[PDB]
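Chain order of the listed sequences is I and G.
In the authors' numbering, each residue's number is its place in the first sequence (first place is 1) plus 1.
In the authors' numbering, each residue's number is its place in the second sequence (first place is 1) plus 1.
We put the CB at the ideal spot given by N, CA and C, even for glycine.
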Amino acid sequence: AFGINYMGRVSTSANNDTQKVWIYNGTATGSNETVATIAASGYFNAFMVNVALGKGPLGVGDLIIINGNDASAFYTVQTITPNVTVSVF
Amino acid sequence: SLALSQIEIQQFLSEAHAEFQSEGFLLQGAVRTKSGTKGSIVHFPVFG
Numbered sequence: 002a003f004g005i006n007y008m009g010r011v012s013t014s015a016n017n018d019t020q021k022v023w024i025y026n027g028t029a030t031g032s033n034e035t036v037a038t039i040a041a042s043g044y045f046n047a048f049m050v051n052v053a054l055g056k057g058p059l060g061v062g063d064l065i066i067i068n069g070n071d072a073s074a075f076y077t078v079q080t081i082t083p084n085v086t087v088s089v090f
Numbered sequence: 002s003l004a005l006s007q008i009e010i011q012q013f014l015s016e017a018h019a020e021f022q023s024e025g026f027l028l029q030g031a032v033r034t035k036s037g038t039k040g041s042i043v044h045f046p047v048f049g
């Protein structure tokens with residue numbers, strides 16, 4: 002249940018030779034899901050244009066500030082193909 | 002994108018620099034010179 006309206010950029014730099022920082026909602030005002038649900042494999046697949054070839058805004062190593070309806074934590078993108086998987090940080 | 006750095010060009014200058022060195026012939030004409038000599042040895046007579 003990824004919602005593009007709840008994803009936002011944090012890092013202001015356009016330098017694509019370094020990693021980006023994202024922030025995702027998920028509280029009662031956002032997608033209203035737990036951190037464990039959001040951190041599940043392939044949850045952010047709908048964000049990528051074509052996840053099979055790894056084409057999309059997310060890149061390996063980006064930091065996502067996940068804000069679930071129970072808690073919040075930093076996460077780091079590990080792979081973008083064939084699924085978008087994240088690990089805690 | 003920063004991938005543009007992979008198609009960067011370089012400029013090569015056509016004017017070469019020779020290392021600082023002497024051009025020689027500094028002592029030309031400073032001594033008694035005989036031009037157009039022939040043979041392996043040239044003899045200069047001297048009187049006392």
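Legend entry - Secondary structure of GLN7/G, DSSP reduced to three states: Of the three classes helix, strand and coil, the one that applies to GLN7/G here is helix, per DSSP.
Inset, instruction - Say whether the segment 76 to 83 of chain I touches the segment 19 to 29 of chain G, bearing in mind that this needs 3 or more beta-carbon pairs closer than 8 Å, one atom from each stretch. - result: No: the two stretches stay apart, fewer than three of their Cβ pairs being nearer than 8 Å.
Inset, instruction - Answer yes or no: do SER42/I and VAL85/I have a C-beta to C-beta separation smaller than 9 Å? - result: Yes.
Inset, instruction - Return the residues of the segment 11 to 32 of chain I that lie within a Cβ-Cβ distance of less than 7 Å from chain C, sorted by chain order. - result: Although the question refers to chain C, the structure presented lacks it and instead comprises the protein chains I and G.
Inset, instruction - State the DSSP-derived secondary structure class of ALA17/G, mapped to helix, strand or coil. - result: coil
Inset, instruction - Could you check the C-alpha separation between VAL36/I and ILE67/I for me, to the nearest Å? - result: 7 Å
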